[PDB]
Amino acid sequence: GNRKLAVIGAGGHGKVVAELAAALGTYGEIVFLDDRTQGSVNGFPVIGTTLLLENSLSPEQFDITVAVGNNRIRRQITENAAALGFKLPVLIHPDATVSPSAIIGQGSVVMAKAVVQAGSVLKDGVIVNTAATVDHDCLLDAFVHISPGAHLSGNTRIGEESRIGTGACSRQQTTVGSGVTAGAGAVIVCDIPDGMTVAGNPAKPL
Amino acid sequence: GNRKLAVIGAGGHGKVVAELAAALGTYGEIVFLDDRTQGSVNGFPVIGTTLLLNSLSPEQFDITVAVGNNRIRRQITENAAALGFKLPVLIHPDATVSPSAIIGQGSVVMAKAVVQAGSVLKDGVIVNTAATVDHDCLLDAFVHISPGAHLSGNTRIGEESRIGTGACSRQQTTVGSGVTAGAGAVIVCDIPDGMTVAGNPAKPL
Amino acid sequence: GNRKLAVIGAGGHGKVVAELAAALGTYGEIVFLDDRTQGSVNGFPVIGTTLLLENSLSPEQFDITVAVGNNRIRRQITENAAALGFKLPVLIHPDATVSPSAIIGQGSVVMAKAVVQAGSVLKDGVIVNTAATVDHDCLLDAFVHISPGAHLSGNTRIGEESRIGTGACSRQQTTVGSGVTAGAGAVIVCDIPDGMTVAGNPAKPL
Ligand SMILES: CC(=O)SCCNC(=O)CCNC(=O)[C@H](O)C(C)(C)COP(=O)(O)OP(=O)(O)OC[C@H]1O[C@@H](n2cnc3c(N)ncnc32)[C@H](O)[C@@H]1OP(=O)(O)O
Ligand SMILES: CC(=O)SCCNC(=O)CCNC(=O)[C@H](O)C(C)(C)COP(=O)(O)OP(=O)(O)OC[C@H]1O[C@@H](n2cnc3c(N)ncnc32)[C@H](O)[C@@H]1OP(=O)(O)O
Ligand SMILES: CC(=O)SCCNC(=O)CCNC(=O)[C@H](O)C(C)(C)COP(=O)(O)OP(=O)(O)OC[C@H]1O[C@@H](n2cnc3c(N)ncnc32)[C@H](O)[C@@H]1OP(=O)(O)O
Ligand code: NA
């Protein structure tokens, strides 16, 4: 396998992902790509901008991960990287628990203390953030983000690019569409149509 | 100890429990009893129905009742107990259980779940995914604490009650038996038997 | 390094703390101090009252931790202990994940399943309780208490002695003043001024 990992995005998310990869203990060097930050971030060198991806980095030397919180931009850069033949390893924190029967698409990231249970399917570039849990038989579509401490009950579906906020939760058998935003603390007790922004207990359109 | 485990209930919960048991790495074979499905589920073989409870020797198989429903898990559990089966407490490797916690047979403590000092759990309790039960809590028989629910210190939950996903409780609160707390329920005062509550704070529906 | 630890406070909180230190497996003896409880708790001997701290105990023999939930009294006893020359080890439960870039002040306690992400700063005597998570670049001022299952998003500030209740949460870039009490389930989606007490979804003054 590649001995080097390039983490795209040196923001706060980038710092956690870089530390995630560092915790795995398998890489020989971990670096940042960032269009603005220069020098080194939290010990990790920034070697250049997102342009090194197209112009200088070899898919036979570098694994790539996209540490950008914005779902649409993460999709943008992830699809880009994949089209240039880079590997986008599913990154799972040593202190996460991921079921052996779970299927998780490339570029996804599973954070410290997060859990993905049996039969769950995660498409590409999903984020299951700090201590978030995706229970049994859930479907998380491309570039979904489950924020810290959110809990999905069994058979929860979340649509493409949707964003489930810190401390949110869902009842079992609930369905959330694409481009949805559930706020921090949202208690999702019924299906949520595409594009909507909901919050409160129970979760209702803001 | 027994080398084989039979998990009763091959639903979604039963899949998680079977994976929990496999994560333990201490059984030679883990199998499903299911009244419906046939063949294998998630790589685990279904070998018959709850009727094999008959064919099955308590000297060969441990038993666990992976049924979500508190009433039904109660029925099957007592059944297997009466038939003289060992119903081991199944604690996920990635769960943290206090050494001073007391946990009844048949109970299942899922991944990332925490049970703190001096907590008492009766028979057949489910503490689900990342649910936490803090110091000196009392969970009576066949309580189900759902994913990511958090009980503060000195919380009591009555027999067969069901606390929903991501619910929480203030310390020194008490929940009656047969209660249903919905997801996200913020329990800041006592709950009487049979009541179904919800919301922030938890009020009857 | 000291081979004995004294746990001040023998209530529920102290039981959890002494078990935490026991789980570390590095002390040869762990004892309680309490002004009321006598004998032995959970196998841990209560060897005296807090008076032993100023009277009998040697800083060359005993580390000190202040397992008092109440922020103001924890502050009081900790400062007392530090003034007397005692070491106040940061106690991190083996099943907690604490970032290597995080900074945590003496007398702080990080419980099982708790997580503190990158660049987070914690001042003296913080408690991050069971399964509570403090994400990236959060600032927790001295003697803050994050109750079980509370999830703080990135760049959350918590002022001195404030108390975030069980299962509470914050959206990112949220600031909370000193002496605040956010109760169980409080969904903090805006700043919160000093001394205030809030709860609800969203958190409002009661
Ligand atoms: C590592 C990490 O931290 S990942 C970070 C992920 N963090 C999150 O989950 C962010 C979640 N975002 C939120 O909750 C946001 O408040 C949003 C997106 C739902 C709302 O965005 P905005 O509309 O800009 O928030 P704004 O401050 O305008 O709030 C508008 C109103 O909705 C209410 N509201 C806002 N957020 C919430 C919420 N999560 N729950 C309930 N009510 C809310 C506010 O109280 C306000 O009500 P008012 O009319 O009484 O004043
Ligand atoms: C791994 C696993 O899957 S574990 C699975 C365990 N999952 C759970 O925790 C399930 C929890 N179940 C719930 O929370 C359910 O919503 C229940 C049991 C509380 C309600 O069940 P039902 O009676 O079918 O709910 P129903 O859809 O009729 O809701 C009726 C009203 O109550 C409200 N409501 C329902 N559940 C909740 C809740 N958890 N919090 C707040 N309000 C709620 C609804 O918004 C609705 O309000 P309206 O009258 O304004 O439309
Ligand atoms: C190891 C451990 O377990 S650490 C334990 C940590 N535990 C906690 O986090 C406790 C957090 N504290 C709370 O949430 C408390 O409820 C407090 C401090 C907010 C309440 O303070 P008190 O002054 O005692 O409130 P009290 O319960 O008397 O007030 C009841 C009223 O306030 C409301 N209320 C109180 N607490 C809450 C809450 N957490 N969320 C929503 N509403 C609340 C109730 O709706 C009720 O209103 P109503 O009867 O007029 O409809
Ligand atoms: Na949680």
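Residues numbered from 1 in each chain as written, not as in the entry; some residues may be left out. Chains lettered and ligands numbered in written order. Heavy atoms only, no water. Residues with missing side-chain atoms left out of burial classes, pairs and counts.

Per the PDB record, this model was obtained through X-ray crystallography at a reported resolution of 2.6000 Å.

Trainee: In this structure, what is going on with the domain arrangement of chain A? I would like to understand it.
Mentor: How big an interface is tends to be reported as the loss of accessible area on association of its parts. All names here are of chain A. Domain annotation of chain A identifies domain 1 (1–89) and domain 2 (90–199). Between domain 1 and domain 2, the residue contacts involve 18 residues of the former and 22 residues of the latter. Of the residues assigned to the side of domain 1 that touches domain 2, the class counts are 9 nonpolar, 5 polar and 4 charged. (Domains from an automatic or database assignment. Contact = heavy atoms within 4.5 Å. Nonpolar A, V, L, I, M, F, W, Y, C, P; charged D, E, K, R; others polar.)

Trainee: Got a minute to help me understand the UniProt feature "binding site: acetyl-CoA" (unreviewed entry) in chain B in this structure?
Mentor: All names here are of chain B. The UniProt entry lists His 144, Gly 153, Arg 162, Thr 165, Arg 170, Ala 183 and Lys 203 under the feature "binding site: acetyl-CoA" (unreviewed entry), expressed in the numbering used here. Relative to the assigned elements, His 144 resides in strand β15 (residues 144–145). If near-sequence neighbours (up to four positions away) are discounted, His 144 is found in contact with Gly 68, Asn 70, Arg 73, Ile 126, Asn 128, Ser 161, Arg 162 and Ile 163. Polar contacts involving the side chain of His 144 include one to the side chain of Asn 128, which spans 3.1 Å. Here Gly 153 shows up in the loop between β16 (150–151) and β17 (156–157). The contacts of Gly 153, once residues within four sequence positions are left out, are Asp 134, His 135, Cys 137, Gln 171 and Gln 172. (UniProt positions renumbered as here; feature names shortened; annotations may be inferred. Helix = DSSP H or I, 4+ residues; strand = E, 2+ residues; numbered from the N terminus. Polar contact = N/O pair within 3.5 Å; in protein donor to acceptor, adjacent residues only side chain to side chain.)

Trainee: Help me understand the packing of aromatic side chains in this model?
Mentor: Aromatic ring pairs are defined here through the distance separating the ring centres and the angle between the ring planes. All names here are of chain A. Inspection of the entire model under this criterion finds 3 aromatic pairs over all chains. Between the aromatic rings of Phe 32 and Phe 44, the centroid separation amounts to 6.0 Å while the plane-to-plane angle is 80°, which identifies the pairing as edge-to-face. With a gap of 12 residues between them, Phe 32 in strand β2 (residues 29–33) and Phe 44 in strand β4 (residues 44–48) connect regions that are remote in the sequence. A relative accessible area of 13% means that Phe 44 is categorised as buried. (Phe/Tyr/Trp six-rings, centres within 6.5 Å; stacked < 30°, edge-to-face > 60°. Buried < 20%, exposed > 50% of the residue type's maximum accessible area, 1.4 Å probe, protein only.)

Trainee: So what exactly am I meant to see when it comes to empty space enclosed by the protein here?
Mentor: Rolled over the atoms, a probe sized like a water molecule indicates the empty space that remains. Estimated volume of the largest cavity: approximately 210 Å³. Lining the largest cavity are 24 residues, and of these A:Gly167, B:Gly166, B:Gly184, C:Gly167 and C:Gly185 lie nearest its centre. Per-class residue counts for the lining of the largest cavity are 9 nonpolar, 15 polar and no charged. Approximately 70 Å³ is the volume attributed to the second largest cavity. In the lining of the second largest cavity, the residues fall into 3 nonpolar, 3 polar and 3 charged. (1 Å grid on protein atoms, 1.4 Å probe; cavity = no way out; pocket = protein on both sides within 12 Å on 5 of 7 lines; lining within 4 Å. Points joined across faces, edges and corners; volume = space filled by probe spheres on them.)

Trainee: Any chance you could explain the environment of A:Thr50 here in plain terms?
Mentor: All names here are of chain A. Topologically, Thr 50 is positioned in the loop between β4 and α2 (52–55). Residue classification places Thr 50 among the partly exposed positions, given a relative accessible area of 23%. In this structure the C-alpha to C-alpha distance between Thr 50 and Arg 36, which are 14 residues apart in sequence, comes to 9.7 Å. Ignoring any residue separated from it by four or fewer positions in sequence, one finds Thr 50 in contact with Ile 8, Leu 33 and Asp 35.

Trainee: Before we go on, may I ask you to explain the UniProt feature "active site" (unreviewed entry) in chain A in this structure?
Mentor: Per the UniProt annotation, the sites labelled "active site" (unreviewed entry) are A:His136. Within the secondary structure, A:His136 sits in the loop between β13 (133–134) and β14 (139–140). Once you skip the residues sitting within four places of it in the chain, A:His136 turns out to touch A:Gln117, A:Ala118, A:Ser120, A:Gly154, A:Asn155, B:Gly12, B:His13 and B:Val16. Within polar-contact distance, the side chain of A:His136 engages the side chain of A:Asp137 at 2.6 Å.

Trainee: Sorry, what's going on with the interface of chain C and chain B here?
Mentor: In this assembly, 22 residues from chain C lie in contact with 22 residues from chain B. A buried area of about 1,500 Å², summed over both sides, lies between chain C and chain B, and 58% of it is on carbon and sulfur atoms. The three residues of chain C that bury the most area against chain B are C:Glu19, C:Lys113 and C:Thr166, which together make up 31% of that side's buried surface. The tally of links from chain C across to chain B stands at 1 salt bridge. Where B:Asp136 meets C:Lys15, a salt bridge forms, and the shortest distance between an N and an O atom there is 2.7 Å. There are 10 residue pairs in polar contact connecting chain C and chain B. Of the residues assigned to the side of chain C that touches chain B, the class counts are 5 nonpolar, 12 polar and 5 charged. (Buried area = accessible area lost by both parts, 1.4 Å probe. Salt bridge = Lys/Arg side-chain N within 4 Å of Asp/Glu carboxyl O.)

Trainee: Would you explain the sheet that holds strand β7 (residues 97–98) of chain C in this entry?
Mentor: Think of a sheet as strands paired side by side through backbone hydrogen bonds, with each pair either parallel or antiparallel. On the basis of which strands lie adjacent, the open sheet formed by 6 strands has the order β7-β10-β13-β16-β19-β22 (chain C) and parallel pairing. For this open sheet the edge positions go to β7 and β22 (187–188) of chain C, each flanked by a neighbour on one side alone. (Pairing = 2+ DSSP bridges.)

Trainee: Please clarify how the site of ligand 2 should be interpreted in this entry.
Mentor: Ligand 2 sits among 20 residues. The nearest are A:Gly154, A:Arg171, A:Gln172, B:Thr165 and B:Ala183. Each of chains A and B places residues next to ligand 2. Interatomic distance of 3.0 Å between a side-chain N/O atom of A:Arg171 and an oxygen atom of ligand 2. Burial of ligand 2 by the protein amounts to 63% of the accessible area it has alone, namely 990 Å². The residue makeup of the shell around ligand 2, split by class, is 5 nonpolar, 11 polar and 4 charged. (Near = heavy atom within 4 Å. Areas by Shrake-Rupley, 256 points an atom, 1.4 Å probe, with all protein chains shown as cover.)

Trainee: So what exactly am I meant to see when it comes to the coordination of the sodium ion (ligand 4) here?
Mentor: Six octahedral donors around a metal ideally subtend angles of 90 or 180 degrees, whereas four tetrahedral donors ideally subtend 109.5 degrees. Within the protein, the sodium ion (ligand 4) binds to A:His151 (NE2), B:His150 (NE2) and C:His151 (NE2); these donor distances fall in the range 2.6 to 2.7 Å. Of this pair, B:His150 sits in strand β16 while C:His151 sits in strand β16 (residues 151–152), placing the two residues on different chains. Exposure class is identical for B:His150 and C:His151. Each is buried. (Donors = N, O, S within 2.8 Å, 3.2 Å for Na, K, Ca; no water.)

Trainee: Is there a simple way to explain the UniProt feature "binding site: substrate" (unreviewed entry) in chain B in this structure?
Mentor: In the numbering used here, UniProt assigns the "binding site: substrate" (unreviewed entry) feature to B:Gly68. When neighbours within four sequence positions are excluded, B:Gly68 is seen to be in contact with B:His13, B:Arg73 and B:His144.

Trainee: Where do I start with the sheet that holds strand β23 (residues 196–198) of chain B in this structure?
Mentor: All names here are of chain B. The strand order β6-β9-β12-β15-β18-β21-β23-β24 describes an open sheet built from 8 strands, whose pairing is mixed. Every interior strand has two partners, whereas the edge strands, β6 (90–91) and β24 (203–204), have only one. Sheet analysis places β23 next to β24, joined by 2 bridges and oriented antiparallel. Paired with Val 197 across the bridge in β24 is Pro 204.

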